[PDB]
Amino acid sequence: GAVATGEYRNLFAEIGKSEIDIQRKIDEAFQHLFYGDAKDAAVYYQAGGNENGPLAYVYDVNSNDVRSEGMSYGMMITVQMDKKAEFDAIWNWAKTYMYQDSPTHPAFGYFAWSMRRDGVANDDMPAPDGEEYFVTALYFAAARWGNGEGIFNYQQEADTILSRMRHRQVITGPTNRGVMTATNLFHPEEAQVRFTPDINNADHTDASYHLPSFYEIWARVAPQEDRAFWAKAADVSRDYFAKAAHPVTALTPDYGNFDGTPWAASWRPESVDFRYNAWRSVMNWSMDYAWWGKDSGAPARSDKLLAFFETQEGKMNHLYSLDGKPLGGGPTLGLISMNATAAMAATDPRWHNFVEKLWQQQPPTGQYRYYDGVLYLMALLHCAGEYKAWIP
């Protein structure tokens, strides 16, 4: 794997792009999404400052609300791109406004998944892949830049947040939504990330939240007493993808049960299909295979997923049944982007076409550019050999 050798595949170079052009492409993506026109192009906003210096956020320009996912992806993008100033400003906002620091609040130790631009939470509860990316980006920051103090002691922040994700106790108390009860963020016996710590829907998962590539990082650098647990989670996730992905198409559902079966959320029964969450599953397993070389099923799974999307050429939807029936929409940049990241594991040379397809895109504009854009920029970095394990 790339971590052992230090050699990350440059998939764009493999399909014949020059390094000058690859650098232009990444830089254009970043400049547009971070510093482009505020109404049509940018998803990053500078929001004054406080005692820790500048504040900024990545946000869903559609809803006009901040998402913990977007903040955490912002941090990952910026650390990968060596953009410390933007990283610190995003982190300052997440830690200042999103992080729940009251030990009697049921979201204690978690980041509000949905928050308004003035810091008013829409929902105090987390979207746990936010936490997963926050912790990992923080470890990467420590590696690349060294640790600061206070909230910029990135390694100490990561250790605390991660320990609490495993060891959080059950807490019942007041929130913006009424009295709620929440637990830990990983199931202690299953060693799987939860879809939610809310006790009413806690015993479920989401394939797109499984990040064995990052669990391996935590297995190396987390507090000692948790390293075996994280190592176990990495094995468990590799098995999870093998069970959860359809055996013909490799499509996964948005939401899932611990045993690998789809889960229909009461408020969103269509979660059993391949939708906006599940786009990312192939990135997660392909990244894991590229870095660590342990998911022996990842190459065949990525081959199957690309073989399926090849049958959709010219009639591309972005919502599918797991067996491959189109359920609506047209092509999206976010799905193009994630499908290109399959090439981190794929063996069949059709992967060149999917990488080429990502290469041909422009940065997103208009109302849906946040989710399309953060997926786009992450996929550009993976495909350029610029998204690396920075181990402290």
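Position 1 is the first residue in the sequence shown; the rest follow in order.
Undergrad: Would you tell me which stretch averages the higher CA B-factor in the PDB entry, 306-314 or 128-136?
TA: The stretch with the larger average C-alpha B-factor is 306-314.
Undergrad: Mean C-alpha B factor from the entry: is it higher for 195-203 or for 174-182?
TA: Comparing 195-203 with 174-182, the higher average CA B-factor belongs to 174-182.
Undergrad: In this PDB entry, which of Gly256, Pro212, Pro106, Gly148 has the top CA B-factor?
TA: Among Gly256, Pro212, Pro106, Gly148, the highest C-alpha B-factor in the entry belongs to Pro106.
Undergrad: Say you rank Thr252, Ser114, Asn92, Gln169 by Cα B-factor from the PDB entry; which sits at the top?
TA: So the option with the highest C-alpha B-factor is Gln169.
Undergrad: Using the temperature factors of the C-alpha atoms in this entry, rank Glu225 within its chain: lowest, middle or highest third.
TA: As the PDB entry reports it, the C-alpha B-factor of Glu225 lands in the highest third of its chain.
Undergrad: By the record's CA B-factor, is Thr78 among the lowest, middle or highest third of residues in the chain?
TA: Lowest third - that is where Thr78 ends up once the chain's C-alpha B-factors are sorted.
Undergrad: Lowest, middle or highest third: which one holds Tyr320 when the chain's residues are ordered by CA B-factor from the entry?
TA: As the PDB entry reports it, the C-alpha B-factor of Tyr320 lands in the middle third of its chain.
Undergrad: Which third, lowest, middle or highest, does the CA B-factor of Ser72 fall in along this chain?
TA: It belongs to the lowest third of the chain when residues are ordered by C-alpha B-factor.
Undergrad: Can you tell me whether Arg268 has a C-alpha B-factor in the lowest, middle or highest third compared with the other modelled residues of the same chain?
TA: Top third by C-alpha B-factor.
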